[PDB]
Amino acid sequence: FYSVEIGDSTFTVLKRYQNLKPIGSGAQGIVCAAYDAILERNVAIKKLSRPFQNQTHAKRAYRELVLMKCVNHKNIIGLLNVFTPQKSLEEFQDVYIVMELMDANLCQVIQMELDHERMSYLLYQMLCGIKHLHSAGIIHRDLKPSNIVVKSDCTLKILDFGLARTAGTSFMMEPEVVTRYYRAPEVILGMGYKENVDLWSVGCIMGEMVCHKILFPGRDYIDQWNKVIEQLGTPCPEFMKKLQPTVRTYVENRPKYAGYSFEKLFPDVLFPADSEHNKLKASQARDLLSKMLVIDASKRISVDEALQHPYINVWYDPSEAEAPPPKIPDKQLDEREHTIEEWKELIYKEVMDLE
Amino acid sequence: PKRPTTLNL
Ligand SMILES: Cc1nn(C)c2c1c(=O)c1cc(Cl)ccc1n2O
């Protein structure tokens, strides 16, 4: 393998990856669109900006790789390869990643004027993707337009697992990672999180696909809330009673908000021409949204219920919706952790195996 | 029905 200069950190990729150029920044790493001559297909390469020079960011990647190995689905990115630019367990300090380069990220169609069927289908797919991880007890907690790529033929795939995992009893105290414009309430407020929080995102997404503007403009996590409750009425006392002790007071002390009717949040026009070809009509996407775009964490729809719902229903091909959920060994627990050194090794336990 | 096949990016 060789190297090529980029931004600041230079690369150390294998020869089978020519004409190497950058494509996207990265909160956790970097990524180029080099051509895998040895396989024929320009591939996406990312090496991770934060290997394991800490404690809180190695655990993330480690969990991402393993999830990567045990994943597989037409709507979920698939690992093409993993290599290390080092020789012995000593010099180890960089793990690169290969993967099929798509045609662009949703953050592209976000700026396009879909027309149902298409959207109708992507949602379905996106929906399908999530569904996978869920059906095996897994949360993406980062579904956002940025991490959603297409392929010139309404084909879609979710990407990045750098932080995904499963839980039930956990906070965050570091939401300074899960991009807030699409951060869910159970997230924001240090509330517990089942595993549907993913859908929330998915909503803010649809919102982003029909309004063209983000949905809940954040100026600091603290103002996030303010901009959402401002658009969804102040949550019910049933919800309130749910929050931790402290967050409560603040949360109650808020300025009681009207909330809006989705007939008003998303008026007809914002929805693709009603070229009806079935159960596909304006009032449908909206109807769906109002089942997603919801604060209480328990009264918000779900994947299972999602797919099996009118604006999705149609192309519900079990061949890819009732997908055999992926499994894992027993190295995953999530709320636990190991040394800030052997973490490195368990990582090496990968790059070597996968080659 | 059908399924879309193209997506003009
Ligand atoms: C941004 C962006 N645009 N495109 C086309 C992207 C991206 C990506 O950020 C991207 C990221 C991974 Cl990990 C894999 C493939 C990717 N592709 O294909």
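Residues numbered from 1 in each chain as written, not as in the entry; some residues may be left out. Chains lettered and ligands numbered in written order. Heavy atoms only, no water. Residues with missing side-chain atoms left out of burial classes, pairs and counts.

For this deposited structure, the header cites X-ray crystallography as the method used and 3.50 Å as the resolution.

Q: Just checking my understanding: could you explain unusual backbone geometry for this structure?
A: Across the chain, the bulk of peptide bonds are trans and the bulk of non-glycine residues have phi less than zero. Residues and elements named next belong to chain A. One non-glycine residue with positive phi stands out, namely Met-173, at about 50°. In this structure, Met-173 sits in the loop between β7 (157–158) and α3 (185–188). Phi is positive for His-212, which is not a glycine, with a value near 85°. Among the structural elements, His-212 can be located in the loop between α4 (197–211) and α5 (221–232). Judged by relative accessible area, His-212 falls into the partly exposed class, the value being 31%. (Helix = DSSP H or I, 4+ residues; strand = E, 2+ residues; numbered from the N terminus. Buried < 20%, exposed > 50% of the residue type's maximum accessible area, 1.4 Å probe, protein only.)

Q: Just to check I follow, could you spell out the UniProt feature "binding site: ATP" in chain A for this structure?
A: Residue and element names in this part refer to chain A. Listed under "binding site: ATP" in the UniProt record, and renumbered for this structure, are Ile-23, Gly-24, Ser-25, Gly-26, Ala-27, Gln-28, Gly-29, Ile-30, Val-31 and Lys-46. Annotated residues spanning 24 residues; largest pairwise C-alpha distance 14.4 Å, indicating a single compact cluster. By secondary structure assignment, the location of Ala-27 is in the loop between β1 (22–24) and β2 (31–35). Residue position: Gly-29 is located in the loop between β1 and β2. In contact with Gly-29, not counting residues within four places along its chain, are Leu-48 and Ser-49. (UniProt positions renumbered as here; feature names shortened; annotations may be inferred. Contact = heavy atoms within 4.5 Å.)

Q: Is there a simple way to think about α4 of chain A in this case?
A: Because an α-helix packs 3.6 residues into every turn, residues spaced three or four apart end up facing the same way. Residue and element names in this part refer to chain A. Here α4 contains 15 residues, and its C-alpha end-to-end distance of 21 Å stays within 8% of the 21 Å for a straight helix at 1.5 Å per residue. Of all 15 residues making up α4, 14 are buried, and the element is well covered by its neighbours. Directly after α4, the chain includes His-212, whose backbone phi takes a positive value near 85°. (Expected span 1.5 Å × (residues − 1).)

Q: What is the right way to look at the site of the ligand in this model?
A: All names here are of chain A. Surrounding the ligand, one finds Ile-23, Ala-44, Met-99, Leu-101, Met-102, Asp-103, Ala-104, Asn-105, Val-149 and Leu-159. In the model, a nitrogen atom of the ligand is placed 3.4 Å from a nitrogen or oxygen of the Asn-105 side chain. The protein chains hide 81% of the 410 Å² of surface that the ligand would expose on its own. Partitioned by chemical class, the residues of the shell around the ligand number eight nonpolar, one polar and one charged. Structurally, the shell around the ligand is a two-domain feature, drawing no fewer than three residues from each of domain 1 (1–103) and domain 2 (104–323). (Near = heavy atom within 4 Å. Polar contact = N/O pair within 3.5 Å; in protein donor to acceptor, adjacent residues only side chain to side chain. Areas by Shrake-Rupley, 256 points an atom, 1.4 Å probe, with all protein chains shown as cover. Nonpolar A, V, L, I, M, F, W, Y, C, P; charged D, E, K, R; others polar. Domains from an automatic or database assignment.)

Q: Explain the interface of chain A and chain B to me, please; I cannot follow it from the model alone.
A: Where the parts come together, the accessible area they lose is often given as the size of the interface. With 15 residues of chain A at the contact, the number on the chain B side is eight residues. For the chain A and chain B pair, buried surface summed over both sides reaches about 1100 Å², with 66% attributable to carbon and sulfur atoms. Counting the contacts that link chain A with chain B gives one salt bridge. With a shortest N-O distance of 3.1 Å, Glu-320 of chain A and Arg-3 of chain B are connected by a salt bridge. Of the residues in the side of chain A that touches chain B, the class split is eight nonpolar, one polar and six charged. (Buried area = accessible area lost by both parts, 1.4 Å probe. Salt bridge = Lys/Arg side-chain N within 4 Å of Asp/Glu carboxyl O.)

Q: Is there a simple way to explain the nonpolar core in this structure?
A: Residue and element names in this part refer to chain A. With 90 residues, the main nonpolar core has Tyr-124 and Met-209 as its most contacted residues. Ranked by residue count, the leading element in this core is helix α2 (residues 117–134), at 10 residues. Structurally, this core is a two-domain feature, drawing no fewer than three residues from each of domain 1 (1–103) and domain 2 (104–323). Contacts of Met-209, omitting those with residues within four sequence positions, involve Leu-106, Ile-110, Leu-114, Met-119, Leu-123 and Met-126. Of all hydrophobic cores here, the second largest spans 14 residues; its members include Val-66, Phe-92, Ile-347 and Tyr-348. (Core = buried A, V, L, I, M, F, W, Y, C linked by side-chain atoms within 4.5 Å.)

Q: Just to check I follow, could you spell out the packing of α2 of chain A against α4 of chain A for this structure?
A: When two helices pack together, their arrangement is given by the angle between their axes and by how far apart the axes lie. Residue and element names in this part refer to chain A. Packing of α2 against α4 brings their axes to within 11 Å, and their N-to-C directions diverge by 165°. With respect to α4, the axis of α2 lies roughly antiparallel. Judged by the twist between their axes, the crossing of α2 over α4 is right-handed. Contacts between α2 and α4 involve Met-119, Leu-123, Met-126, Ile-130 and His-134 on the former and, on the latter, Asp-198, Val-202, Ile-205, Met-206, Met-209 and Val-210. (Axes fitted to C-alpha atoms, helices over the stretch in contact; angles between N-to-C directions. Parallel < 35°, antiparallel > 145°, perpendicular 65-115°, else oblique. Left-handed = near helix turned anticlockwise from the far one by under 90°.)

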